[PDB]
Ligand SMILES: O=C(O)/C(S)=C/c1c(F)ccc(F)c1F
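Here we start with a single chain on its own, the form solved without the named molecule, put down as structure tokens.
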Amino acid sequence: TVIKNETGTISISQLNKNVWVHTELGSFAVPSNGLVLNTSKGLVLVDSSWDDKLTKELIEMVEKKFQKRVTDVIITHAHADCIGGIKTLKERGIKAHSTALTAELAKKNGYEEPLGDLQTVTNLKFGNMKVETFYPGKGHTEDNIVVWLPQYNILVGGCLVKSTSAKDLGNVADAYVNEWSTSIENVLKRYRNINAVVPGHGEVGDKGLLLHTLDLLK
């Protein structure tokens, strides 16, 4: 099941029951993924979108479909594709969770500041939905974190994991290429039984995406 907006720039795909993947296209047409979690107590998103226009539209779209409000959003790192609509979240009473590092880099990049509440390992529970945020170390960026849904064994790798047809690591000006490999290793050592892994850009895959990325980093 895929729900799209009129322009075709924003789509929502269902991984299963309460887990959907949201994708938006930014102009430069670059796609970026995040998650939408339908819980008994509001909608929880993993990352926003490129800017406030797309983010506001993404939000008013999932709130319309699920007839609930987006209560929280987990920002995986301080780049436009993840923290682009931080302003939109803050004026709608939506909590923008992030590590302290992500929060400071956000301000350094001219974005409004998120909560900076996530520690290296943080477990959040929204209704019956369980979420785990993990900072594996420096990789795509210095602050990048991954998200893990223990009930589905779904891992949101974010820009730290490349899709299967991506042969380019992407922007490495802010990246730590040498440490990237160790950081993926920490994710692999931490989560032994992964089912699906969502890349920052691209189709949902499996742990083979982490191996693929380690290959690109060699």
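The first residue of the sequence shown is number 1, and the count goes up from there.
As for the form deposited with the named molecule bound, it is not shown, yet the points below apply to it.
Participant: Considering the named molecule in the entry with it bound, find the one stretch among 112 to 120, 143 to 151, 73 to 81, 127 to 135 with heavy atoms no farther than 4.5 Å from it.
Facilitator: This holds for exactly one stretch, 73 to 81.
Participant: Looking at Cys159, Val62, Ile184, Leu37 here, can you tell me which has any non-hydrogen atom within 4.5 angstroms of the named molecule in the entry with it bound?
Facilitator: By the 4.5 Å criterion, the partner-contacting residue is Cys159.
Participant: Quick one: of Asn171, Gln67, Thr164, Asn178, which gets a non-hydrogen atom within 4.5 angstroms of the named molecule in the entry with it bound?
Facilitator: By the 4.5 Å criterion, the partner-contacting residue is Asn171.
Participant: Do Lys207 and the named molecule share at least one heavy atom pair within 4.5 Å in the entry with it bound?
Facilitator: No, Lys207 stays farther than 4.5 Å from the named molecule in the entry with it bound.
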